[PDB]
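Accompanying notes for the structure given below.
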Amino acid sequence: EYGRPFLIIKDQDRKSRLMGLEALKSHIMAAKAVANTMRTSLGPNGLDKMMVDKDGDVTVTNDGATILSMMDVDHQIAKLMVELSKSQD
Amino acid sequence: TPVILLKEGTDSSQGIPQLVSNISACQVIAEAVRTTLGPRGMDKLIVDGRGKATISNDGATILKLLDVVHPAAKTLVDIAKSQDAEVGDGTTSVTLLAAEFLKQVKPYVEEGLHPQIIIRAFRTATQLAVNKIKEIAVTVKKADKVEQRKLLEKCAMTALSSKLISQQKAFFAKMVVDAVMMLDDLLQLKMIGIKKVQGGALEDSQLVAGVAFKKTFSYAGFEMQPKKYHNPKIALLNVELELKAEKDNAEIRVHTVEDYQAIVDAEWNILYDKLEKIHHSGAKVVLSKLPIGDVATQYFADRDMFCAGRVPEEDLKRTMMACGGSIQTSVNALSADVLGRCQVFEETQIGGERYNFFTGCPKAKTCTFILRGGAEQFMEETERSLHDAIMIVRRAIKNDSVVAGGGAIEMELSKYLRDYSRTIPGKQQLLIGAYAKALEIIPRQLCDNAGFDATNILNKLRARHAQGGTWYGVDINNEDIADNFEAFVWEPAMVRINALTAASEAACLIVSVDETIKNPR
Amino acid sequence: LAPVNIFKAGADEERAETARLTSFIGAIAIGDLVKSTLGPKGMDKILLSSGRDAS
Amino acid sequence: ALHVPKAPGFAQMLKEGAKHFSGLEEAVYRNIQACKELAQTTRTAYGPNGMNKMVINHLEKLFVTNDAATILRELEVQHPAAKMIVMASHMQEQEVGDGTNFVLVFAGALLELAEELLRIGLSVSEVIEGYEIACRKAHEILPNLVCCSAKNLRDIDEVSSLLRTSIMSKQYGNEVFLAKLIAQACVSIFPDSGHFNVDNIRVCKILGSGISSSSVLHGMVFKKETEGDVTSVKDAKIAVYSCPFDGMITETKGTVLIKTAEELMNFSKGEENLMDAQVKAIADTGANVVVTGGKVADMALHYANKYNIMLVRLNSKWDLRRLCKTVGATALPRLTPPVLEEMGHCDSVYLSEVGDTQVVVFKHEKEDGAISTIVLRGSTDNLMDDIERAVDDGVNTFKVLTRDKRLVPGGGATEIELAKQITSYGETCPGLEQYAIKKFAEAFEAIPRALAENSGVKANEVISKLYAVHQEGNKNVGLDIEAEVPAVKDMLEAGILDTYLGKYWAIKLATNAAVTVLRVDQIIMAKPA
Ligand SMILES: Nc1ncnc2c1ncn2[C@@H]1O[C@H](COP(=O)(O)OP(=O)(O)O)[C@@H](O)[C@H]1O
Ligand SMILES: Nc1ncnc2c1ncn2[C@@H]1O[C@H](COP(=O)(O)OP(=O)(O)O)[C@@H](O)[C@H]1O
Ligand SMILES: [Mg+2]
Ligand SMILES: [Mg+2]
């Protein structure tokens, strides 16, 4: 009787949630992956990336902003690095 | 049985099991916003169906983005908008106080106490609690001009302590205060424009004592005309200056080519008449809500004068209020009074965009903010903290009475109610005593978030208040207690008073519910 | 591979050992396809289409 | 196994999905039970201690109500027998305005008691005759119970005591404050010459502070904003137009035709000059504010600003008519300079903000005016609507008091006296109609039982003490609420009264509902779709 299933939020079953330190650690792992992908492209001896578009177009580039712009990401922290790159550009 | 009274699918519950379940339901709502309170509070990140993400610390904003459907919990959501629409600050304080009121009377409902006795208890202390706040509120009715400019700054900084821009609160408070003191005596919120341009550090934000807006779509020939003036005259318009057809209901029938050529030259003579009427008035900058054709721009280029079209309505009203002209729908009566005068006009580049600046007006009634962030959610969160500072100053102008924050006010009220319950007999002693216990949630939630020993600090605070130290709150940095009135932690008296009434009304309404019926679909 | 996912469904990434592998496979593939048509004694190819109406 | 093969006659011809009930067992005993269930739903919503109730309709809208008639409207019932009671309660609300729960309790109790009479050997024909005689005997007794009178219905202090009881059963705890507000509004829209109309009391709900900060405004208020740059006026002469504030055109299709160069150039200048004169002619009479019920033009707006004319727009076809009454002006169907008779007046018009909302205020300094408005301030939408229903109940009571000035004691003192005197008459009637008469008098007790149950005390102790006191000749003794131990109290001295017309209609419609159900013998139902 005390804790029988009572609905508070629409679609309560389909939503996830992370609280506490496990929230902060997940952001750090997502942020590090973006930095390690683009560590290579720094300095005169750096290398490039070859982007591929939605339809099939090929673009080879070394600019920092463009790589993060043509990239498609899902993690919310990753989009925060993309917006950081554009603001500097 | 074969014919059922109400349609199939109707849900009906009642009794003590129904009422207790409502009390536990509100605890979940107060949980989502619990750890967003304090100088060391956090934010929350919410993502809707389409994938857009919102980062916010404002308590009222979080509850809106949740899809609450529980009927009892929706009461706590509405009181959040109540505190949002009246004072604008205190949306989380009124939520924690609401849940704590219900949780502290929950065991009595299990014992079978009649709710109408509970309701009478809440309404008794609130009139005592409100009347206590007004007595001990500090004010200086003597009109000193520099004290007022200091009191408003202290109130503004304290409203920014728990926000993302806490590290620059002293810089932003000066900007906010200056905005309000020159905003007329009705203080329309539309008289303040907030713009957002990407790129740049947070300290690059600025306030322009005038009007500034974005560059609009311009036709060929916009680039051979000067982009700076010293004493221009501004002619605001609501008339479409382009070659077109007079009336959509018009029609021309003609017999000879001689009139044909005369008609063709008639449209040009109309257009050149309006543009010659403007140029003779001595104005240099012309602004119109309606489109400006390329012919007008090329014509305005040949005489070293600036044109702009499709200007937004709101930006035009602010320009009129800052320059001091009037909108004209006709070009036949351009007197010297209907023009606007500014001290300098220029067009500059700001973070990849081009912006028009009207600065130097000595009789301005409008300001404009240029906010510099690094991402979309970085300036949107910045403006939400600014809005809390604007509204707080607006209320403080009408009533300059302040009390010390940081939990100092919640312990003076709780001590007062505890010293009044012992005088009255009966069950009215336990209910008021439980009420006075719910008022020390604010000092506990401040220490829990920071990371202190919340039990020890409360014991120290309770002894100081009962010793006879009215304004003693918590010291966040020093992990101790200290006087927050000499430590410059102030807030207007309206924030707390509106917090109690809304919280007391929500607790009384929920307890007074007997049964809930939900019908299908 | 980092346990956290950064790419939407259907997106793929290849790196040093695999990236240089794929790029070299493609280039020599097109180079060896057309070597038969070079010089005074090269031969010709037939191009027939599945999409353009069997051209 | 075998089957029972659907005996011939009317059963074999009946369409599929339909139902057919017959006889006492399947028609009357089922209908009484269905009616009994409905009474128990709203029985707990009776009296000052009646607990609130929360209803979610099929459109996800949320209602927290104590009003019984409101609950039934949003509850959706499917039994035909319960529907008859619902239509009876809705009729009583329209005719009187209060007492929508007295019908349900009384009509429900009557049918429950009539079950046992049919159970012990009486017929439906004899039960109805017994009920009807008591209904006629009840009305003859009723005027003898009048114990007070409404003296002057334009005295603010007296009236507030008359409406307090009508609000005590809705907002226990805030009855004093709400009674004072409605008294001020009703007493100052009053006409000398009679005909208090009820629509002339306006309620505006604004979100914000607590309920104690609500007030009354002698005039009208709108949630709109000004169009021109003029904002506030100090002594306004008002012109009201039902037409758009723009140059008119032919209703039949009309195009502009030009044949020469001059006509092309002179058309635009000519139109503007005509518009300037029309607005200047309006300003020549002295109008300070223009109100229109339609679209406004830009050229008219520009010239209105030039001549210091305040311009507002609102299109309701019902707000504008109310505004015509408030200022005394009369509508105009064409853009013409108003006649000095046709212009209203107002002591102040201004634009103000209240709780994050922009409003336009037409305020009179006159105490009477024509109509009045009450501004509501609360912390939740659900809180305002319930207070709004209370204001309606208080006003409707004032409407009745104008029609009739006689009051009877409340708190169960009226029903106890009726039950005592009907039984005394019922003892002197030989025949089989003496039983139904006593049952009718016994049903009157439920109203003092319903109050006692919700009060959290035993019902039988109160009823026993009420009868013992009433035998001694006290006609003004009723139930006491403040006492945690069951007790009684004097009602006339405590100022607890209710309208005579409230009881007169309530009894009449309640019994009419009971006898209507008992007359049914069989039911034929068509299939749902
Ligand atoms: N310098 C300070 N010292 C102690 N407490 C502070 C200080 N500044 C702010 N606070 C606390 O912040 C709390 C409310 O912060 P705020 O975000 O405005 O709440 P709400 O979201 O309810 O408006 C107040 O209870 C106050 O005690
Ligand atoms: N102060 C009071 N003490 C006891 N009973 C009261 C008091 N005020 C009102 N009542 C009772 O409330 C009843 C009507 O309240 P209400 O719930 O509105 O019923 P209805 O919906 O039938 O009008 C009356 O029968 C009256 O006896
Ligand atoms: Mg704040
Ligand atoms: Mg009533």
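Positions of Cβ are generated from backbone atoms using ideal geometry, with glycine treated the same way; all protein chains shown enter the neighbour counts. Values quoted throughout were computed directly from the atomic coordinates according to the rules given, and no laboratory measurement underlies them.
Brief remarks follow.
- Proximal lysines to B:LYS145, defined as alpha-carbon separation beneath 16 angstrom and excluding residues fewer than eight positions away on the same chain: B:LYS154, B:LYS174, B:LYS398
- Other residues within the sphere of radius under 15 Å centred on the Cβ of B:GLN127, judged by their own Cβ, net out at +3 (K and R +1, D and E -1).
- In a reduced charge model with +1 at each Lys and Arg Cβ and -1 at each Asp and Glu Cβ, the stretch D:293-351 shows a dipole moment near 260 debye about its Cα centre.
- Distance between modelled label sites at D:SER464 and D:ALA27, nm, 7 Å Cα→Cβ extension: 4.4 nm
- Under a model in which nothing but the beta-carbon of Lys, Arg (+1) and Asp, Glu (-1) is charged, chain D shows a dipole of about 780 debye around its Cα centre.
- Rounded to the nearest 20 debye, the dipole size of chain C about its Cα centre is 180 debye, using +1 on the Cβ of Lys and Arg and -1 on the Cβ of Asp and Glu.
- Here D:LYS6 is the anchor, and the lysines within straight C-alpha reach of less than 30 Å, apart from those fewer than 8 places off in the same chain, are B:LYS7, D:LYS15, D:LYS19, D:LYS527.
- Rounded to the nearest 0.05, the FRET efficiency derived from the C-beta distance between D:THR428 and D:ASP356 at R0 = 56 Å is 0.20.
- For the cross-link pairs D:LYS61/D:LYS458; B:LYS233/D:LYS306; D:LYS53/D:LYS137, the ones whose C-alpha atoms lie over 30 Å apart are D:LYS61/D:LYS458; D:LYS53/D:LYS137.
- Using the Cβ of B:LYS103 as centre and a radius below 14 Å, the other residues enclosed give a net charge of 0, where K and R count +1 and D and E count -1.
- Qualifying GluC sites (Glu not before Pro) for the stretch B:88-176 [loop in DSSP, other Cβ within 10 Å: at most 11]: B:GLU111
- Charge dipole (chain A, unit charges on Cβ, about Cα centre) - positive-most of A:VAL73, A:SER26, A:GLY46: A:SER26
- Unsatisfied cross-links (Cα-Cα over 30 Å) in the set B:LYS132/D:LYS234; B:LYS106/B:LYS132; D:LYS83/D:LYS325: B:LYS132/D:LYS234; D:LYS83/D:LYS325
- Against chain D, whose longest principal axis is taken from its Cα atoms, helix D:156-168 shows a tilt of about 60°.
- Spin-label model, B:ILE424/D:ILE249: points 7 Å from Cα along the beta carbon direction are separated by 7.1 nm.
- Straight-distance candidates among the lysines for linking to B:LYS52, with alpha-carbon spacing under 17 Å and chain neighbours fewer than 8 residues away dropped: A:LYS15, A:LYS79, B:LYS44, B:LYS64, C:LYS8.
- Reducing the stretch B:329-358 and the stretch B:380-418 to their Cα centroids gives an inter-centroid distance of 40 Å.
- Cα→Cβ-extended label distance, 7 Å offset, between D:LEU2 and B:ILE397, nm: 9.6 nm
- Separation of alpha-carbon centers, the stretch B:445-467 and the stretch B:108-181, rounded to whole Å: 20 Å
- Under the combined filter of DSSP loop state and at most 15 neighbouring Cβ atoms within 10 Å, the stretch D:127-236 retains these trypsin sites (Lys or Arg not before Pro): D:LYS151, D:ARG154, D:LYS223, D:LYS224, D:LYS234.
- Top positive-direction residue, dipole computed over chain C with Cβ charges, set C:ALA16, C:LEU47, C:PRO3: C:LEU47
- Under 5 Å, built H, 5+ apart or other chain: amide partners of D:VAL477: D:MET491
- Helix-only CD estimate at 222 nm, as mean residue ellipticity for chain D, using -39500 (n - 2.57) per DSSP H run (n ≥ 4): -14500 deg cm²/dmol
- Length-normalised contact order for chain A - Cα pairs under 8 Å, 6+ apart - percent: 22 percent
- Estimated FRET transfer efficiency (B:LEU45, B:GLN148; beta-carbon r; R0 35 Å; 0.05): 0.35
- Cα-based helix-to-principal-axis angle, D:381-403 vs chain D, degrees rounded to 10: 80 degrees
- Helix axis angle, A:21-37 relative to chain A longest principal axis, alpha carbon, degrees: 20 degrees
- Loop-resident trypsin sites (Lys or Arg not before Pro) (DSSP state other than H, G, I, E or B) in the stretch D:290-382 with no more than 14 further Cβ atoms inside 10 Å of their Cβ: D:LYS295, D:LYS317, D:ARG334, D:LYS366.
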